[PDB]
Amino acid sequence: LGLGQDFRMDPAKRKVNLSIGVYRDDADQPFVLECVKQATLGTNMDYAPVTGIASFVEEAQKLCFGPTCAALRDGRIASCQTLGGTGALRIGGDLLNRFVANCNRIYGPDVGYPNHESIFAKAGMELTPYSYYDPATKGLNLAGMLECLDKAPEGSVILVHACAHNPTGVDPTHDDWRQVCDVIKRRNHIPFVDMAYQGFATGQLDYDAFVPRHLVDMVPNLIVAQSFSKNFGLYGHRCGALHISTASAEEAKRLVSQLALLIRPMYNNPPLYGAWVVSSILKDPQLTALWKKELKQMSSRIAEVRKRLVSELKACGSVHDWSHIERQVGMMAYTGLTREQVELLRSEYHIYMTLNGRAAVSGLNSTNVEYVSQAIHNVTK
């Protein structure tokens, strides 16, 4: 928030904000999807049910798990609408801490999403790290991850990013996830999937939901926190869903009613607007096909600008390796710049990143990529 306010107050004409949390188009503008503009809104403003607009919840389920999913056919998954991904993470955590014995710890990647620590602390669970990011390669440390998961106490809650890891952009492959998931099954761990970027990551909805789809048949309980903030661009409308797989329809009904008991004394019932939009889009074959193509356009721009930054760096004469910038996936990139280097980019060039070298690559575009590349070279050469 401080980097935002400083950027805003900075008088320089050439300034660039690479600390934002939101997608931007090539003209650095906010981007309301056409499928969203074309969506049909509700006719009244009556409160939705505590657990959300039923049609929205059902489409969220199908989008997450696929329309063929056995768990979903059998009614084994307990679901509700939530205040973005954040609300799902919180409600999920509050549910675990009430109902899992000695659920006072949750394991997440060593470099991870800032709000997770406080979300789970409010739920009475201490975020503990497992090995994940390798700063030498700005890449993955699988062996370290597998080992930490294998040695975590049986029945540990394991938090994983489904794709487009935030803030590094470092994702395991599907092959890697197969190994990770086997360890989770064998150690009877409870996987908690934060899926904030389905489809936004690679432009492929199915591929991007591999983690929860693969885990759902492997473990007794899978938790998924699903955000529609980025992939429908619905940020400030606060729209997401929480999913918890269970053994049976009857068990799922009992969990939903326990979800209601957490939701009611928090905010009573959830905001309509985002639920309308997502429900309307996913039930309309024209809006759904448009949405899919818009997702690909967002995801392709991000991957193309990453690839452009790398090629511009080479054209500027950089002799350092930037291949991590193209291997990483999604909106957030751990650049591998040092604190000193980040500070000089700010001071001399008015390019704003976090001090850990995270760059929101959505803030790069046709208009500024060349300049940012030159500056990055100048400060690393």
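Heads up: residue numbers just count along the shown sequence, starting at 1.
Legend entry - Of 277-285 and 183-191, the one with larger mean CA B-factor: The deposited B-factors put 183-191 ahead on the C-alpha mean.
Practice item. Would you tell me which stretch averages the higher CA B-factor in the PDB entry, 19-27 or 6-14? Key: Result: 6-14.
- Choose from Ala209, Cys239, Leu259, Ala71 the residue with the greatest Cα B-factor as stated in the PDB record. Comparing C-alpha B-factors across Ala209, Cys239, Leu259, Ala71, the maximum falls on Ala71.
#### Entry: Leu159, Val310, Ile244, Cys103, ranked by C-alpha B-factor: the highest one
Of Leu159, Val310, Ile244, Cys103, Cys103 has the highest C-alpha B-factor.
For this session: Just say lowest, middle or highest third for the CA B-factor of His174 relative to the other modelled residues in its chain.
Result: Lowest third - that is where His174 ends up once the chain's C-alpha B-factors are sorted.
Mind checking which third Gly52 falls in for C-alpha B-factor across the chain? It belongs to the lowest third of the chain when residues are ordered by C-alpha B-factor.
| query | Compared with the other modelled residues in the chain, in which third is the CA B-factor of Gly75? | reply | Its C-alpha B-factor belongs to the highest third of this chain's values.
C-alpha B factor of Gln341, ranked within the chain: lowest, middle or highest third?
As the PDB entry reports it, the C-alpha B-factor of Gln341 lands in the highest third of its chain.
Grab the CA temperature factor for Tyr334 from the record and place it in the lowest, middle or highest third of its chain. Answer is lowest: the recorded C-alpha B-factor places it there.
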